[PDB]
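Asker: Can you read through this structure? Questions will come right after.
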Ligand SMILES: CC[C@H](C)[C@H]1O[C@]2(CC[C@@H]1C)C[C@@H]1C[C@@H](C/C=C(\C)[C@@H](O[C@H]3C[C@H](OC)[C@@H](O[C@H]4C[C@H](OC)[C@@H](O)[C@H](C)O4)[C@H](C)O3)[C@@H](C)/C=C/C=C3\CO[C@@H]4[C@H](O)C(C)=C[C@@H](C(=O)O1)[C@]34O)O2
Ligand SMILES: *[C@@H]1O[C@H](CO)[C@@H](O)[C@H](O)[C@H]1NC(C)=O
Ligand SMILES: CCCCCCCCCCC
Ligand SMILES: CCCCCCCC
Ligand SMILES: [Cl-]
């Protein structure tokens, strides 16, 4: 688990997968590990920064309606950045 | 860029604390712009000079706070 940083090995199972083929019936075992993706990364590199990006788009609601350049610059920049991050 | 050369982990790295903080100082700068500009266009001169006051305070408070942060940060992770 220490050499597996990105996931968390939650459960394992030991089963049989014997199957019938055209050349005959072959005995078969199957071991199965269950990997749960770590969330800390995606919280910090995706969710948090996107909220922070969406929240920025709101601070333009507090700029006077006359200064529209400021509003557009915010709304547009956050939108572009949103795209980049997703890419 | 930095986070791209790293494996997704389950803990908060010291790098994260430093990026996140600088992120905030810039976010609050924007917030300040809005606050200042909003109370500025208010008809009364009562708010107008308050608007001026916020800038004066910010011009010093921000650097000071950022300096304080650096001190706390480096003492905590430079050890
Ligand atoms: C707080 C979100 C809002 C939107 C704020 O965002 C900003 C400013 C605007 C808003 C107020 C910007 C944001 C940082 C935050 C400030 C956050 C910190 C200074 C640190 O984190 C805080 C909160 C965190 O818990 C959310 C908490 O961890 C706890 C709780 C967790 O579980 C709930 C748990 O997992 C954990 C184990 O223990 C932590 C101790 O302390 C710091 C760690 C955050 C770093 C953030 C980032 C670093 O690189 C990321 C990315 O490369 C990028 C481009 C944007 C950054 C960002 O998004 O910057 C980024 O994602 O503020
Ligand atoms: C792990 O645990 C749960 C509960 O026992 C079970 O439903 C799941 O199928 C298991 N996964 C594996 C891969 O063994
Ligand atoms: C009374 C106001 C004095 C403001 C000084 C601001 C200095 C900022 C320096 C940032 C490096
Ligand atoms: C650790 C976050 C510090 C944010 C300070 C912001 C001051 C305007
Ligand atoms: Cl631009």
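Because the Cβ atoms are built from the backbone with ideal geometry, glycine has one as well, and the counts that use them run over all protein chains shown. Values quoted throughout were computed directly from the atomic coordinates according to the rules given, and no laboratory measurement underlies them.
Asker: Listed residues B:62, B:25; which is touching a helix residue (DSSP H, G or I) at 6+ places or on another chain (Cβ under 9 Å) and surrounded by 14 or more Cβ atoms within 10 Å (Cβ to Cβ)?
Answerer: B:62
Asker: Okay, next question. Return yes when residue B:72 is farther than 25 Å from residue A:40 by Cα and part of a helix (DSSP H, G or I) and no when it is not. Full working, then the answer.
Answerer: Values: farther than 25 Å from residue A:40 by Cα: no; part of a helix (DSSP H, G or I): yes.
No.
Asker: Now for a different question. What is the number of the single condition among (1) closer than 28 Å to residue A:4 by Cα; (2) out of contact with any helix residue (DSSP H, G or I) (no Cβ under 8 Å at 6 or more places or on another chain); (3) in a helix (DSSP H, G or I) that residue B:16 does not meet?
Answerer: (2)
Asker: If you don't mind, there's one more thing I want to ask. From A:12, A:21, which residue is more than 30 Å from residue B:13 (Cα to Cα) and more than 16 Å from ligand 5 (Cβ to nearest atom)?
Answerer: Selected residue: A:21, the only one of A:12, A:21 that is more than 30 Å from residue B:13 (Cα to Cα) and more than 16 Å from ligand 5 (Cβ to nearest atom).
Asker: Here's something else I'd like to know. Hey, can you tell me all the residues within the stretch B:1-13 that are assigned to a loop (DSSP other than H, G, I, E, B), loosely packed, with under 11 Cβ neighbours inside 10 Å and at the interface with chain A (Cβ under 10 Å from one of its Cβ atoms)?
Answerer: Residues satisfying the conditions are B:7, B:11.
Asker: Considering only residues of the stretch A:7-41 that are within 16 Å of ligand 1 (Cβ to nearest atom) and in contact with a strand residue (DSSP E or B) (Cβ under 7 Å, 6 or more places away or on another chain), which is farthest from the other protein chains (Cβ to nearest Cβ)?
Answerer: Looking at residues that are within 16 Å of ligand 1 (Cβ to nearest atom) and in contact with a strand residue (DSSP E or B) (Cβ under 7 Å, 6 or more places away or on another chain), I get A:36.
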